[PDB]
């Protein structure tokens, strides 16, 4: 599976985006993971949901609307384990995205852009990928 990974999607309440992968280096060297829900296939399109894991440290979430980054949302929750494969499950709810790590919800991000605007997901930074699945 190629990284950066870019896929066309369509999402609504009830959708899940499942991502399975492995960080490329040890947590001590601070690998990152970034998942961006874009409004168009173009890479510089707006981002309804930006989810960036600083492995072993913190998580940052935001949106990019009309080319401008908005209010940052940080989390200290860090369920990811050094050297381990992770399974990310991003649930689309009516009010928010909910990010599950290995089956439990650890991050939440209220919708700022309607989820019907999402047309693309890009997964990138310091991971290998074995699975990217949108429910249907």
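Positions refer to the first chain, counted from 1.
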Which is higher on mean Cα B factor in this entry, 12 to 20 or 120 to 128? 12 to 20
Going by the mean C-alpha B-factor recorded in the entry, which is higher: 91 to 99 or 76 to 84? 76 to 84
Cα B factor band for residue 57 (lowest, middle or highest third within the chain): highest
How does residue 104 rank on Cα B-factor within its chain, lowest, middle or highest third? highest
Which third, lowest, middle or highest, does the CA B-factor of residue 41 fall in along this chain? middle
